[PDB]
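I have placed the structure first, in the form of structure tokens, so that the comments after it can refer back to it.
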Amino acid sequence: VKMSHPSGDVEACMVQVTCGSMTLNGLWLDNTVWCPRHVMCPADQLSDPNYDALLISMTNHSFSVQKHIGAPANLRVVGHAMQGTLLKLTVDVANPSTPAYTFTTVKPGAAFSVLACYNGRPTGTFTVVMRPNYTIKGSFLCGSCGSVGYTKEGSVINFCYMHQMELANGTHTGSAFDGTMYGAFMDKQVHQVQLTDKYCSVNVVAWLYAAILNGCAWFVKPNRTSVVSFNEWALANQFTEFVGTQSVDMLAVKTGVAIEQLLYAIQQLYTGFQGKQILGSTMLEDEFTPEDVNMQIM
Amino acid sequence: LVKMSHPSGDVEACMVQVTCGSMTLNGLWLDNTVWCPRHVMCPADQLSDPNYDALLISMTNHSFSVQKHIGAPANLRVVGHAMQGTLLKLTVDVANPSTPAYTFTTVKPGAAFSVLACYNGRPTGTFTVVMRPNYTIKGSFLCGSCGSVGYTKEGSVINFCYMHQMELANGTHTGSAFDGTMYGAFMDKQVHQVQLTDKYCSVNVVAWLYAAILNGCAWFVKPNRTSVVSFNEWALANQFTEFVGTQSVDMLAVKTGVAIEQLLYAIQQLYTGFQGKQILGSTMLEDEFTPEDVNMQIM
Ligand SMILES: *[C@@](O)(CO)[C@H](C[C@@H]1CCNC1=O)NC(=O)[C@H](CC(C)C)NC(=O)c1cc2c(OC)cccc2[nH]1
Ligand SMILES: *[C@@](O)(CO)[C@H](C[C@@H]1CCNC1=O)NC(=O)[C@H](CC(C)C)NC(=O)c1cc2c(OC)cccc2[nH]1
């Protein structure tokens, strides 16, 4: 099951940011509003913007911030700065419902929750994994820029994504909160090509373990491939590096099946499924992490 | 096409923990009323054959402890208690100051809704399920999840449709509507129960094929057509639900130009075999996406 964190924490932080005739979502934490910087850019310049000239041309009053959740309010902007592909706006009132938070960058294969927003109003939530080519496969429509992606550890939200674009293949990307765009895509209105996607090997392993736990173990055999041998094969068949984790070990102890058997099985199941099914799938499944398998199948 | 849930913040502000004896589970706080599954009155020795009428009469308002954890912690004093089908309807003296606009409508097979999974009154995760024709759902419910709540949102109104009660040996799940009746008439006792046979949700297979077409996957479309009446008599023989068209479906017909009866014909052929070919990454029919899903996500 694709399970998301409860989103109420993050809903209380979503705002609408308007600049000239551009409008998108922003994140209100304490005295700061984060939002994508292209809100500054008029339409006649989206294809080829000069963000530094645009930033100089803005004043605090160029920016309009509104809260539509709970007690609606207008937030007075009293400072503006740019950080990579984000604007960092300072407002005069602190968000009284600010969670404990950090900013982290997610590595490919890691899962996180997304709150999709339109005009500062939360509309849906879903879970994604960062692909090896630094894209995600969510559902983002018009007005979804500034929607936020995050994980939770205890009561602390770790913010990891702010939405910026949709590639022509329907896939999506955005920034970490240091301003850097995932996959180095540029925040301008141009057709851009992503690198070839790969399978997240550790996720495929975790999924096969989940199959065995539910009683589906047909692919299991005594044939082993070593970690180092599998990884050499992976470079030629568009798989990531396998890296072991204690999470994967838990799933090998409980299952009594070695990673090396599953690594061999991956090579053979990639060749083809020979007609059968694994957990309702006829293709490899790489969007469930070892942590998901550990928490869901007990 | 992706599994998508409503934002859960509205519902999180309504969850409470309900304790009775050595028993504890989740509750839903709306106005002055807390709903929860009635088996919280039963001790675990007796769950196999609970005497719910006798349990209710032996309970006093002090037999129930309702605790709110999300936000500012408080104990909610019980000043009334009643039973309605498989649910308890407790009256507390403090009205929930964050009660959303809501309705209580039972969902039909093939409809999708969002679940807030909770443990001892604390929300832990959210996901979407669809009600199967055998009145089960397939989410992720662990120990302590009874009282977790299922819902849909239209505009500002929350429609509460599901209160979690049980896990079948199949790994599948069921619970109550908020009128107190159990989906599929499963009984709320610690006994083995076998669900009825599943079916494919016909109207959702149609929606998914429309989604295939919109995304450039249309090899399965032929000129050939099966009427709704002819398809439905076939559905009875082949474990499909009766196809009932809606405006939501017709919208997809118009955007694509592929009529409903073309997809009904295609389904009959696809159910016999995809012949190695794929539709949206699948070698099998998919019925977990509704027409509304396809409209919102692809248009
Ligand atoms: C945000 O709403 C914008 O603030 C918007 C979200 C997408 C609109 C449709 N679905 C979405 O997810 N983002 C964009 O419009 C961005 C803006 C950039 C970062 C300045 N641009 C694109 O997503 C974009 C541009 C182009 C393109 O050009 C030419 C050609 C093809 C695809 C494409 N996507
Ligand atoms: C609630 O958390 C309980 O308050 C719990 C939820 C399930 C636990 C695992 N996943 C869930 O959805 N509910 C139960 O444990 C209920 C309680 C009964 C009605 C008193 N029981 C079952 O779901 C149950 C009992 C049995 C069983 O017996 C023997 C045999 C097989 C399956 C089964 N399920």
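Just so it is clear, the values below take in all heavy atoms, side chains as well, and ignore hydrogens, waters and symmetry mates. Order of the sequence lines sets the chain letters (A, B, ...), proteins ahead of strands, with each chain counted from 1.
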Assess whether side chain to side chain contact (heavy atoms under 4.5 Å, CB included) is satisfied between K137(A) and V2(B), documenting all intermediate values.
CA-CA 8 Å; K137(A) 306 159 37 200; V2(B) 301; 5.6 Å; no

Rounded to the nearest 0.5 Å, how far apart are CG of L116(B) and OG of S4(A)?
11.5 Å

CE (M4(B)) and OG1 (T127(A)) are apart, to the nearest 0.5 Å, by 11.0 Å

Evaluation steps, side chain to side chain contact (heavy atoms under 4.5 Å, CB included), between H6(B) and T125(A)
CA-CA 6 Å; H6(B) 294 298; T125(A) 193; over 6 Å; no

Hey, is OH on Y134(A) packed in by over 12 heavy atoms from elsewhere, all under 6.0 Å?
no

If I take atom CE from residue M283(A) and atom OG1 from residue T283(B), how far apart are they, to the nearest 0.5 angstrom?
5.5 Å

So which atom in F126(A) and which in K3(B) form the shortest heavy-atom distance, rounded to 0.1 Å?
CB-O, 3.5 Å

Tell me if the NZ atom of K198(A) is crowded by more than 12 foreign heavy atoms within 6.0 Å.
no

Segment of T124(B) engaging chain A (4.5 angstrom heavy-atom cut-off)
backbone

Side chain from CB out, backbone as N, CA, C, O: work out which of these in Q297(B) comes under 4.5 Å of a heavy atom of chain A, or both, or neither.
both

For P6(A) and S8(B), which heavy atoms make the closest approach, and how far apart are they?
CA-OG, 3.5 Å

Hey, mind stepping through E12(B) and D9(A) against side chain to side chain contact (heavy atoms under 4.5 Å, CB included) and telling me if it holds?
CA-CA 10 Å; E12(B) 293 166 52; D9(A) 282 336; 5.6 Å; no

